[PDB]
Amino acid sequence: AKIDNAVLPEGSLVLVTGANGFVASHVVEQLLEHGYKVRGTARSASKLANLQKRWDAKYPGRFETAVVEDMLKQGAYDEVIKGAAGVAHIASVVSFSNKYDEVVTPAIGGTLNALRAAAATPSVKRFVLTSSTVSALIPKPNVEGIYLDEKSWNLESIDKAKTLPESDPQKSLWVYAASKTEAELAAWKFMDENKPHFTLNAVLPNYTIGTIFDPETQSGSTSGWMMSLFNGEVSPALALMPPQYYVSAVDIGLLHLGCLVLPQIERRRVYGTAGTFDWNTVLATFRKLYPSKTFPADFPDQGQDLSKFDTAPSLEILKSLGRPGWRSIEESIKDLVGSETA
């Protein structure tokens, strides 16, 4: 169809774990938009109710809600994975407690549980793991000489996550980074050791900006935090996030799609890093979109992100899907907050 030489046949079924998540929901949307059928999991059917309603209207009978209360439970995917040709593991365990083993173990556990299910299911030919740029690094403002490629790993997060005192403002951020790093490392290790009959690719988004399909339940996401600033809320947790790269939710969805169906994309770590930003460039965009609205004044200078990412596979995917280039930050933020128009 739209995609020539697609590895997964038209209308193929794709299992998307944690489909009620912000990023996940865009992955689902892009799949449905491209004619693929989707079975999305959530810890409860109710958690997917609003989105199910949305997708039933836009793509009648293309999305199916599947319940998986414990993504760590042995045999958790035995039923929902049946007949799936592709799998997008986007589900993540809910735990923000600074206990290392308590956070890292489940992260690795959930990832391997999904991979083992896929390995045990012959119909699965493609698997895309939703990782994060934190598996490569935690942003370092004004620091020169940082180039991240597919061989870049956040090895420092492992030590820091367990040595830094609880008083370090970024403690929880390092634990999270360690969890994503170890989890992705475990995924590639599984592929090398077991050599399953499917191809693995990982998408590493930085700060995803886009339309929040279900504000009621997706406001804790990156875009949710940005929306809070739009609404005038300034929180310390916000001033914790340093300058880094944004990526359109639309593009992240396209990146996952590419990893699932493009033949020339195999064993890649696809960076979702469109361009740099800081809270002031965000506020500037808000003011431009809504000139009549009152917004918080600029934050103190937070420096800027001088790091660079090897986005080759990312650009390759976007072009192959007929949507070359990264959607701009203005258009991405417009997707999130809209604009003063009528």
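Counting begins at 1, following the sequence as shown.
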query: Higher-B stretch (mean Cα B-factor, as the entry records it), 217 to 225 or 150 to 158; finding: 217 to 225
query: Average Cα temperature factor in the PDB entry - higher stretch of 89 to 97, 72 to 80; finding: 89 to 97
query: Deposited CA B-factor, highest of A177, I209, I265, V104; finding: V104
query: Top residue by Cα temperature factor, when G275, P60, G303, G40 are compared in the entry; finding: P60
query: Third of chain Cα B-factors occupied by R323; finding: highest
query: Chain thirds of CA B-factor: placement of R54; finding: highest
query: Third of the chain, ranked by Cα B-factor, where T199 sits; finding: middle
query: Record-listed C-alpha B factor of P242: chain third; finding: highest
query: Chain-wide C-alpha B factor ranking for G109, given as lowest, middle or highest third; finding: middle
